[PDB]
Amino acid sequence: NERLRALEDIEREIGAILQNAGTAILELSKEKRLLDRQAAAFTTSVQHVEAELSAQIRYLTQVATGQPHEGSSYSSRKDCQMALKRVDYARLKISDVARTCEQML
Amino acid sequence: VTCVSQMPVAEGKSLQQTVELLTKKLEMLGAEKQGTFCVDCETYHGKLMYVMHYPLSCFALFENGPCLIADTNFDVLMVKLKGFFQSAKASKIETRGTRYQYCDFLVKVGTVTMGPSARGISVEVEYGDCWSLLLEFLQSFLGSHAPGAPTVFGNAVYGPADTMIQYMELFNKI
Amino acid sequence: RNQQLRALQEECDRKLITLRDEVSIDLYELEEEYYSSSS
Amino acid sequence: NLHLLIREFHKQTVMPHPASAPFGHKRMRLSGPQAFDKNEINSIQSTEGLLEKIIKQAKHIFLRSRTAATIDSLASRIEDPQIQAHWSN
Amino acid sequence: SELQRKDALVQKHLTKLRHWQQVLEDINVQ
Amino acid sequence: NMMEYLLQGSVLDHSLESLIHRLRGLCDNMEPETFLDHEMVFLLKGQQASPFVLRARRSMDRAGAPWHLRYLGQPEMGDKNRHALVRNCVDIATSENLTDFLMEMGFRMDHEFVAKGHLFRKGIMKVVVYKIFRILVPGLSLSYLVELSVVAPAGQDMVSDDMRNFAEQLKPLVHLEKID
């Protein structure tokens, strides 16, 4: 939920920062300079991805042979569909009763 | 719940003849067919080898016996502690009979276990004290018999197994 | 999502049951008013 | 019908509360302490599906016949004491 | 009097049904 | 002939969150939960020289739960590349039943193992992790123990390789096996 989305956003931001640092290093070392030293840090950012790789290497890996999270748990979804259907049926019955009452006048 | 039970040891005609007469009297009373929950009575002992069954059997070692597990668990415990108990070698008898549910009242006729024995008439109450209808039915069912008086009416809540052990205690009677 | 939809269906069931109770009071009232007169 | 069948499947999937290895339903172990001659047989499993929907339709047609009897009494026994009914909840 | 009572009951039932329609639309709005 | 092939594995206490999440992902239960009870060992063996265990645990969180006495003996030394645990036997009893039988047959409270952990289920196999609590009488390892237990009759050891493969599926967690 929260932690999974946070780690995903963190990995996405890490990839974006790595791409930006690579582009900046290319633009700096292409033409003209001490700032090019920070370009080396871009390579360090690449190592961060490797750490993420390590983070993916020594990750959960529950089975690594099948798919986890058994069951879509959509029984609740089906129950909600039935509830909405009952609500619609009640609305239809109420509309019929209202038409009958209006005809009574 | 745990209702009384006794064994009027009749004679004169025959044991099977007396059993048939009691069954005919019960049928005249309106005993409906309800299967045959033949309750055995085996002895190996101060433990026991109670095999009476009420769709579950158990042996009451002492203190009326816990015997709260299923029959398979009890048999597994017995076969596991083969010899580790003090209760294999005594006479292993088995009583039988039919169980008829007249109307919210089941009656079972425990026949001769090893062959020398009586036919114990066992009844089952609904809620349970509660001897008014019990006595009204016992007097209309048999004659000078069915005294009962188990370890009941003391208040540990309608114990059947203690009554069954009391009935099996009739082994030394013959 | 499971907890969210469980709360949603609980709210829906509560609303439907309140609707049934109000309609029950209404039907009792109207049936008493109707059966009191025979045309 | 859909809700009953999916509830059946859901039940086929409550937890057994296993300690050694029950992996079943507490109704199975309840026969041990609490002697059940025929209760445990009735509490194990039963027939359902088409029969339950059929008897529900039977209840429906019985309600329809009761309503028809009431309407016939109202239309015919009008000068008679007007019988008054009230459904349950 | 019977007609007036019937009309009053009908008006009350119609008001209740309209209120229930409104709250049902609101609940379905989610 | 209900045998057992339970493997003895143990997981560090710090590595719990990832472990429970891995379990609930792969297979733990339908909304899994925990348990709470207290065990005790009864020792009465003069000629057999073998204290026969009896798990008269009372699930305090459950109301009227039957005492699930568990005996285990005769460790099977099959050497079939599996755990081959001792033959087990379960029996559900009522309140004070185990105490009454310990008083009648004659037992002695060897020791007490109060543990607590989470529940897990699979298709056939079972697994459980918990932690013991060295508490007083009215109330010593403090380590989660991941045991992959399979209780069933003898059969043909067909589920043995299946359980071994499923345990290897959780290799980043533990490497469970038998004991001496």
# chains A, B, ... in the order shown; residues from 1 in each chain; ligands from 1
>>> interface_residues(of="chain C", to="chain E", cutoff="9 Å", atoms="only C-alpha atoms", output="MDAnalysis selection string")
chainID C and resid 8 11:12 15:16 19 22:23 26:27 29:30 33:34 37
>>> closest_atom_pairs(of="chain A", to="chain E", cutoff="8 Å", atoms="only C-alpha atoms", output="Markdown table")
| residue | atom | partner | partner_atom | distance |
| --- | --- | --- | --- | --- |
| A:84 | CA | E:28 | CA | 7.8 |
| A:87 | CA | E:24 | CA | 7.5 |
| A:91 | CA | E:21 | CA | 6.7 |
| A:94 | CA | E:17 | CA | 6.6 |
| A:98 | CA | E:14 | CA | 6.7 |
| A:101 | CA | E:10 | CA | 7.0 |
>>> interface_residues(of="chain C", to="chain D", cutoff="8 Å", atoms="only C-alpha atoms", output="PyMOL selection string")
chain C and resi 24+28+31-32+35-39
>>> atom_distance(atom1="atom CA of residue 54 of chain A", atom2="atom CA of residue 144 of chain F")
26.2 Å
>>> interface_residues(of="chain B", to="chain D", cutoff="6 Å", atoms="only C-alpha atoms", output="MDAnalysis selection string")
chainID B and resid 54:55 68:70
